[PDB]
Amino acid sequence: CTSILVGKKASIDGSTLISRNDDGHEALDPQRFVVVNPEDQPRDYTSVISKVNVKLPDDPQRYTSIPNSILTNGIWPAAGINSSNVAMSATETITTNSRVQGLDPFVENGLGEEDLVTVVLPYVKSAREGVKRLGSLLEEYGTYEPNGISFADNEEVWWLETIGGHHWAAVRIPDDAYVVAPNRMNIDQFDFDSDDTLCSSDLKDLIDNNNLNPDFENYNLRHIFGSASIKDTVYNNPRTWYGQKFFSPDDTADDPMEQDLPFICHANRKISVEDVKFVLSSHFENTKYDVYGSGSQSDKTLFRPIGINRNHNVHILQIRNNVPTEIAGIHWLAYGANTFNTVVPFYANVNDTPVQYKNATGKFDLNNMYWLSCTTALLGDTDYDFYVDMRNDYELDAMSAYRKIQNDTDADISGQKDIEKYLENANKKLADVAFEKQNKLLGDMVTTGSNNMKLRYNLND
């Protein structure tokens, strides 16, 4: 997984953004776009993986989510926005170390990524409340994973990292800042009594009393609780580096393996949704580390890319400030490897979701956007340089169409007597166009690609 966070003064439009590539173990695993209405929410929750049993409040809020189609390993809702316009994405798998694990081991019947959005998001009305509730739950139930979780509302963006079986810390991202986060513990310099931090009440004592601090001065949480491994230099740090080079080129050096890249960054410009999607789809373009590029075989395969075959979904959760609250929450969504898809700006204030995004099952169905998008990216992968121009045209054409629909829908919001019905229609238009354009792209690739098959023999006349 790769996560990107953007504070409200750092975005081009004054919105907050939290985002993540939901990357799994297998390349393909069908995803659905689903609104969980309060009557559909469990009050007595039991996980599949850990069998943790969690009693939940009787007043859940409606929320969007991205559950797995195949429920063998549980729901895995990934991310969403609730009816209070709070966004949450869980999780970014991070790292730990043996010293803190020796003190606070994983809890095998605790909470995991399978569960987190389901047991937190419906019950909070601010990002800060999200942080606090998750912290309480970690203390009450424990966890069996090292995870990073993002929260946002129209004011604030928070990043929480879990530490051992029960501990945690969280940082409020400055308004004018952004973060790029890979599968490695991220929080660095940490001021315990700061207004911009929250953590386990015992976290400082845990550190001080057990000689966990490797530094001569101050507290750096990933120095203390995280990793700086050889594997980090190829699996994690280059992703951070590539993102920071894109947003902060003059503040970022030329070593992708760097272990102490800053957590909090300041870009040289305001950041768009298009920008975030670009970084979340990237593969070290214009470097020797690009698997589709000109580098040696060993250089081309050295680093884990951000766009990748096992992108199951990508979401950019946006809470806007230039609009009435009923259309503030936008759940941008796409499926499959990010090289050949586009995020679609679904309004989150709806009771149901469009069929092409809701209906994936374990049966291969090219009328569904999960299967259609995966098929497109796989074909694209077989000859990237051949297909990339059509890909590029499609991205501009599709995003332009989405924004036209969004702008038109936003402009006519006042006086709508049934908001949810109005926005479900807008989401239907968005999904219909997204499917038509995805399908036309694949068709164009198949048509031109068929001309270039190995199994050919043409008379040149």
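The numbering used is simple: start at 1 and walk along the sequence shown.
For the pair 143-151 and 372-380, the record assigns the higher mean C-alpha temperature factor to 143-151. Stretches 416-424 and 59-67 differ in mean CA B factor, with 416-424 having the higher one. Between the residues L396, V54, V34, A434, it is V54 that shows the highest Cα B-factor in the PDB record.
Comparing the listed residues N309, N85, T342, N286, the entry records the largest Cα B-factor for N85.
Remark: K204 belongs to the highest third of its chain, ranked by C-alpha B-factor as recorded. Per-chain ranking of the deposited C-alpha B factor places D365 in the middle third. Remark: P122 belongs to the middle third of its chain, ranked by C-alpha B-factor as recorded.
Among all modelled residues in its chain, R128 ranks in the middle third by Cα B-factor. When all modelled residues of the chain are sorted by CA temperature factor, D23 is found within the middle third.
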